[PDB]
Amino acid sequence: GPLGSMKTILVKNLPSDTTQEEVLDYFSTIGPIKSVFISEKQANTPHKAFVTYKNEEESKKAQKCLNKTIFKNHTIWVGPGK
Ligand code: NA
């Protein structure tokens, strides 16, 4: 680990102030999450995160349910992280 080929999603277009806990809380509504890494980037530029679910099926559900939803004013893009 900590990532998994089908268990990890990549989330794009997060606001720069997003915290790991905020990501955890939002994404864990789909299923339990094992880890969250947020990419280190300049403030006021879009951020990315890798979110790894405990179960592959829940990763797929997050892609379906949470892609192009609004998170802190941003439309987030959710897909396989591979
Ligand atoms: Na980075």
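About the thresholds
- Residues numbered from 1 in each chain as written, not as in the entry; some residues may be left out.
- Heavy atoms only, no water.
- Helix = DSSP H or I, 4+ residues; strand = E, 2+ residues; numbered from the N terminus.
- Buried < 20%, exposed > 50% of the residue type's maximum accessible area, 1.4 Å probe, protein only.
- Contact = heavy atoms within 4.5 Å.
- Areas by Shrake-Rupley, 256 points an atom, 1.4 Å probe, with all protein chains shown as cover.
- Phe/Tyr/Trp six-rings, centres within 6.5 Å; stacked < 30°, edge-to-face > 60°.
- Salt bridge = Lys/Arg side-chain N within 4 Å of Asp/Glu carboxyl O.

What the deposited record gives as its method is X-ray crystallography, and the resolution it gives is 1.300 Å.

The protein chain is annotated in the PDB entry as RNA-binding protein MIP6 from Saccharomyces cerevisiae. Looking at the PDB record, one finds the entry titled "Structure of Mip6 RRM3 Domain".

### Regarding the overall build of the protein chain
Scanning the protein chain for helices and strands turns up two helices and six strands. Helices (α) and strands (β) of the protein chain occur, in sequence order from the N terminus, as β-α-β-β-α-β-β-β. By its C-alpha atoms, the protein chain is 35 × 25 × 20 Å across when sized along the principal axes. Of all 82 residues assigned to the protein chain, the portion counted as buried reaches 37%. Sequence separation of at least 24 residues holds for 67% of the intrachain contacts in the protein chain that already meet a minimum separation of 6. When the accessible surface of the protein chain is split by element, carbon and sulfur atoms take 50% of a total near 5,000 Å².

### Notes on the packing of aromatic side chains
One pass over the full model with this rule turns up two aromatic pairs. Considering the side-chain rings of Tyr26 and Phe71, the 4.8 Å spacing of their centres and the 75 degrees angle between planes classify their relative orientation as edge-to-face. Taken together, the residues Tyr26 in helix 1 (residues 20-27) and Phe71 in strand 4 (residues 70-71) connect sequence positions 45 residues apart. A relative accessible area of 21% places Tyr26 in the partly exposed class. Three or more aromatic residues joined by ring pairs form one cluster here, namely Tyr26, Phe27 and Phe71.

### Details of the pattern of salt bridges
Here the structure, examined in full by the defined rule, presents two salt bridges. A salt bridge links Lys72 to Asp17; its shortest N-O distance comes to 3.0 Å. Note that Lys72 is positioned in the loop between strand 4 and strand 5 (74-75) and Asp17 in the loop between strand 1 (8-14) and helix 1, a separation of 55 residues in sequence. Take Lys72: its relative accessible area is 30%, and that puts it in the partly exposed class. Here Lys72 makes a salt bridge to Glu22, at a shortest N to O gap of 3.3 Å. Note that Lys72 is positioned in the loop between strand 4 and strand 5 and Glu22 in helix 1, a separation of 50 residues in sequence. Taken together, the salt bridges that share partners define one network made up of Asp17, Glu22 and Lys72.

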